[PDB]
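Asker: To start, I am sharing the structure in question, which I have written as structure tokens.
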Amino acid sequence: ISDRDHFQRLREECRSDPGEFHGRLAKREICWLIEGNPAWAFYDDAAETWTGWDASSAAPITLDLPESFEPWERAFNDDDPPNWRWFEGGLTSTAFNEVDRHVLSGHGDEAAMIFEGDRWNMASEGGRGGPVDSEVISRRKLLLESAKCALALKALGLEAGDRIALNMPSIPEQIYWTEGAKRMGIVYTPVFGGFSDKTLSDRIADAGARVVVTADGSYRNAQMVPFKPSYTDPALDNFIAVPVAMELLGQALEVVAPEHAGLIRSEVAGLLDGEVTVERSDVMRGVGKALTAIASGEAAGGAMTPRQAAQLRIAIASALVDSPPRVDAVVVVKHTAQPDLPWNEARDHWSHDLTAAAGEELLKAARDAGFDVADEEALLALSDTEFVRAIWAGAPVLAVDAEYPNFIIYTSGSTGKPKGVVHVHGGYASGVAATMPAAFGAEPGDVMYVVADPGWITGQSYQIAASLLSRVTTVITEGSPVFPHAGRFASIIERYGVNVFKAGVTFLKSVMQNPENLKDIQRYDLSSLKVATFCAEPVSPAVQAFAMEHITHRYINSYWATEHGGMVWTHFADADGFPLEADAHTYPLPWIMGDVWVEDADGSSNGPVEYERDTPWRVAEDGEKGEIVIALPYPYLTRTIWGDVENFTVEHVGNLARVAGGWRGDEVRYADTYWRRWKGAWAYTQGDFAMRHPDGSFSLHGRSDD
Ligand SMILES: Nc1ncnc2c1ncn2[C@@H]1O[C@H](COP(=O)(O)OP(=O)(O)CP(=O)(O)O)[C@@H](O)[C@H]1O
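Next up, the structure:
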């Protein structure tokens with residue numbers, strides 16, 4: 023896949039009548055469950074018919090209406106103003122297209138992931154250096170270990186709707202659990218290890234995760250950094266959700286004078302407004318301001334008996350500390366294996382204990398289906414088709430509606446606590462999968478090194494999702510691309526023959542400080558690189574040029590944010606009409622109706638609008659800085675903010691799951707933040723300063739909001 027000419031961009035852009043267009047590609051990039062018996066299949070151009078696999082064994086072909094057929098009930102739905110639904114009624118799975126598909130298509134021994142640990146042997150590789158820890162993960166191992174994780178989550182009592190929180194380093198085990206969570210429909214939240222125990226506590230509370238998966242520690246810069254004792258433990262122990270503190274506050278308050290009780294509730298509520306979880310002390314300090322005010326006698330009359338005030342302080346204290354457990358169990362990966370790890374016998378589980386038991390359950394089920402596998406060694410001797418048949422015996426894949434939530438990732442906003450955006454299985458997977466051949470030359474078998482952490486959207490969408498979806502080996506790195514020296518990322522490229530490089534900008538500018546760092550990069554053979562990209566911050570044309578001369582010529586710039594789900598502004602592989610200069614410019618993809626608008630008191634407010642509205651802006655002039663916007667939705671865009679948990683209920687019957695109609699997360703807060711900027715029109719407003727150029731290119735100049 024790739025766009026040839028400048029004519030092609032514009033043919034596709036107008037051709038992009040949302041439904042028909044994205045529908046054409048989604049049939050091909052990812053597989054769908056189609057009706061005979063049900064089968065995972067996709068439209069294969071090389072075969073011009075739907076190829077695929079039986080949902081209970083091996084490979085057939087289904088010829089029903091092939092180009093025209095639609096595995097969904099309706100491609101595109103535009104009835105609500107910003108609440109879009111793509112491929113409704115279609116059953117798919119992020120886990121299947123990321124794991125099972127490729128084993129099941131005869132690429133089991135292929136390298137899904139290359140993992141590199143942080144620690145470094147300078148003298149390895151004849152003085153060039155090598156990692157201390159490193160592993161190549163076959164697609165069959167990724168399927169086995171994740172299927173084991175899936176059964177472990179089930180054994181913990183998790184159902185298809187429930188939610189988990191991951192607080193882990195970039196290591197292979199996080200992927201295993203993540204892909205295992207997808208296999209069971211369990212929605213997860215990756216919490217990067219750089220945040221604070223109170224951030225992790227807020228994301229647990231808000232996601233409603235009753236299980237957490239963390240680690241004992243990781244290795245950052247050749248030093249053992251604890252994880253569980255420093256994040257998960259305090260987040261669960263030392264914080265409670267504000268509605269729980271109030272509930273317990275009401276219980277404590279129930284031999285009290287109603288006027289005194291009322292003052293106490295409001296006093297604490299104002300100190301907790303906007304917060305998600307807080308330390309129990311924040312509540313007490315609030316009570317002390319209310320009691321001291323009552324002892325004064327000046328508020329709401331009343332006069333607390335010194336004894337009564339003390340009794341209240343005791344009842345409220347005792348209730349907050351005896352709060353109920355926030356989590357049913359915490360899973361702990363042994364990774365650093367440091368001594369004297371704080372342990373809670375009532376909730377802590379060693380991941381290996383649970384995954385091993387999950388293997389025996391996996392092996393027993395296979396034997397009940399007649400495979401004759403006494404041990405994991407026997408299993409990893411079957412063919413690809415029979416290997417995956419055996420896995421399905423005990424850990425089948427759950428097929429979820431296209432709009433089923435895949436994960437919840439939090440990103441900081443202009444006001445208030447960071448919010449969690451939802452990404453579904455359907456549009457999200459088919460969308461990012463398409464950007465790989467469109468922006469890079471990414472074909473199956475290639476290798477991609479994405480400098481990222483699964484806690485970031487680059488981690489979720491490209492390090493993991495777009496890689497496993499495209500059958501492109503991904504390099505998992507535990508540490509920084511410049512530790513110990515500036516040539517670390519170059520060494521990885523050389524030794525694994527990386528073909529695609531996706532990273533930020535800061536690591537390079539730190540390289541350009543002293544000239545000595547460049548020499549370290551020049552040690553390594555980067556000829557395997559056919560494209561790199563910038564993607565996380567504004568890059569100066571000086572950086573891009575430096576990187577063009579010393580890493581790879583085709584070092585493009587790409588713009589997108591957590592909400593975008595995948596790249597929306599990039600450069601096109603093997604295209605003719607679109608040049609590439611060291612100007613930090615980017616092009617909008619055809620399905621992206623990007624434009625730059627600006628507030629103007631005298632507002633024509635009649636630009637490119639496919640969806641208008643009632644309730650001052652104008653199309654910015656070439657070279658005029660304003661807001662960057664998208665006027666038409668697309669599949670892999672976030673659907674809503676995570677909310678309305680009370681009405682999130684999954685219909686789970688058999689190995690099929692859907693979200694009971696009527697749930698749209700916190701729809702209101704979603705539209706207000708992203709879609710209700712421009713009066714008169716419906717357009718997505720990411721909040722970034724960009725400016726259009728005559729040749730159809732864009733240049734970004736930083737965040738516009740706060
Ligand atoms: N090519 C680019 N040029 C300039 N700024 C960019 C950019 N790409 C992203 N940004 C900026 O990054 C911000 C997005 O924050 P977010 O963290 O969700 O995306 P990201 O690219 O940083 C994911 P990650 O943390 O994985 O790197 C954008 O809002 C925008 O300010």
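All letters in the sequence shown, in the order written, are residues 23 to 57, 61 to 279, 284 to 644, 650 to 740 by the deposited numbering.
The C-beta atom is built at its ideal place from N, Cα and C for all residues, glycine as well.
With a threshold of 16 other CB atoms inside 10 Å of the CB of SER733, please say whether the residue is buried or exposed.
Answerer: Buried: at least 16 other Cβ atoms inside 10 Å.
Asker: Smallest Cα separation from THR464: which of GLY154, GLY623, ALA602 and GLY233?
Answerer: Among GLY154, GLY623, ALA602 and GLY233, the Cα nearest to that of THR464 belongs to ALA602.
Asker: For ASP722, is the beta carbon positioned less than 7 Å from some heavy atom of ligand 1?
Answerer: Yes, since a heavy atom of ligand 1 falls inside the 7 Å radius drawn around the Cβ of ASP722.
Asker: Would you tell me roughly how many angstroms separate the C-alpha atoms of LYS713 and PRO650, rounded to the nearest one?
Answerer: Spanning the two alpha carbons is a distance of roughly 7 Å.
Asker: Give the single residue among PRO156, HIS44 and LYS531 whose Cα lies nearest to the Cα of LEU666.
Answerer: Checked all of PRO156, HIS44 and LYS531; the closest Cα to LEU666 is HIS44.
Asker: Considering only C-alpha positions, which residue in the set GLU272, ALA322, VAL312 and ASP311 is nearest to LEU292?
Answerer: If we check each option's Cα against that of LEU292, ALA322 comes out closest.
Asker: What is the rounded straight-line gap between the Cα of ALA611 and the Cα of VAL534?
Answerer: When rounded, the distance between both Cα atoms is 14 Å.
Asker: Consult DSSP for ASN102 and reduce its assignment to one of helix, strand or coil.
Answerer: In the structure shown, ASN102 sits in a strand (DSSP, three-state: E or B).
Asker: Please tell me whether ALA277 and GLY331 are closer than 8 Å, where the distance is taken between their beta carbons.
Answerer: No, Cβ-Cβ distance for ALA277 and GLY331 is not below 8 Å.
Asker: With a threshold of 7 Å (Cβ to nearest heavy atom), would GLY442 be considered close to ligand 1?
Answerer: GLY442 Cβ: outside cutoff for every heavy atom of ligand 1.
Asker: Taking DSSP as the reference, what is the three-state secondary structure of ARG235?
Answerer: DSSP places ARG235 in strand when its eight states are reduced to three.
Asker: Which class does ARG692 belong to by DSSP, given the choice of helix, strand or coil?
Answerer: Three-state result, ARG692: strand.
Asker: Just to check, is the beta-carbon of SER587 closer than 7 Å to a non-hydrogen atom of ligand 1?
Answerer: At least one heavy atom of ligand 1 is nearer than 7 Å to the Cβ of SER587, so yes.
Asker: When DSSP labels each residue in this structure, what does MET622 get in the three-state scheme?
Answerer: If DSSP states are grouped into helix, strand and coil, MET622 belongs with coil.
Asker: Just the C-alpha distance for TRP709 and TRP109, rounded to the nearest angstrom, thanks.
Answerer: The straight-line gap from Cα to Cα measures roughly 12 Å.
Asker: Is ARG314 helix, strand or coil by DSSP?
Answerer: Helix.
Asker: Taking DSSP's pairing of strands, which residues face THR719 in a bridge?
Answerer: In DSSP, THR719 forms a bridge with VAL663.
Asker: Return helix, strand or coil for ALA332, following the three-state DSSP convention.
Answerer: Coil.
Asker: Tell me the residue span of the beta strand (DSSP E) that contains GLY77.
Answerer: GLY77 -> beta strand (DSSP E) spans 74-79.
Asker: Which residues bound the alpha helix (DSSP H) around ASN546?
Answerer: Start and end: 545-550.
Asker: In this structure, what does DSSP give as the bridge partners for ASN192?
Answerer: DSSP output for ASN192 lists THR239 as bridge partner(s).
Asker: Which stretch, first to last residue, makes up the alpha helix (DSSP H) that contains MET465?
Answerer: Looking at the DSSP string, the run of the alpha helix (DSSP H) that includes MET465 is 455-468.
Asker: Cα separation between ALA328 and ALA319?
Answerer: Going from the Cα of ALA328 to the Cα of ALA319 covers about 9 Å.
Asker: Below 6 Å CB to CB, which residues in the same chain sit around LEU392 once its five sequence neighbours on both sides are set aside?
Answerer: If we look at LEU392 and ignore the five residues flanking it on each side, its Cβ neighbours are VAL402.
Asker: Is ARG737 a contact residue of ligand 1, with contact defined as CB to any heavy atom under 7 Å?
Answerer: Answer for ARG737: yes, Cβ within range of ligand 1.
Asker: Compute every distance between the C-beta of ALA565 and the non-hydrogen atoms of ligand 1, then say whether any falls below 7 Å.
Answerer: Yes, the Cβ of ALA565 comes within 7 Å of a heavy atom of ligand 1.
Asker: Cβ-heavy atom distance between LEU320 and ligand 1 below 7 Å?
Answerer: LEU320 Cβ: outside cutoff for every heavy atom of ligand 1.
Asker: Just verifying my parser: in three-state terms, what is the DSSP assignment at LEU278?
Answerer: Coil.
Asker: Can you tell me whether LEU671 is buried or exposed? The criterion is at least 16 other CB atoms within 10 Å of its CB, across all chains shown.
Answerer: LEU671 is buried by the Cβ-count criterion.
Asker: For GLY442 and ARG703, what's the separation of their Cα atoms in angstroms?
Answerer: Each residue's Cα considered, the two are about 12 Å apart.
Asker: Buried or exposed for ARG314, going by 16 or more other Cβ atoms inside 10 Å?
Answerer: Exposed: under 16 other Cβ atoms inside 10 Å.
Asker: State yes or no: is the C-beta of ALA654 within less than 8 Å of the C-beta of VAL625?
Answerer: Cβ distance < 8 Å, so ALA654 and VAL625 count as in contact.
Asker: Report, in whole angstroms, the separation of the C-beta atoms of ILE486 and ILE438, which I expect to be a contact under 8 Å.
Answerer: That pair is a contact at about 6 Å.
Asker: When DSSP labels each residue in this structure, what does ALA136 get in the three-state scheme?
Answerer: Note: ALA136 maps to strand in three-state DSSP.
Asker: With a threshold of 7 Å (Cβ to nearest heavy atom), would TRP712 be considered close to ligand 1?
Answerer: Checking every heavy atom of ligand 1 against the Cβ of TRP712, none is found closer than 7 Å.
Asker: According to DSSP, is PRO371 helix, strand or coil?
Answerer: Residue state, collapsed to three classes: coil.
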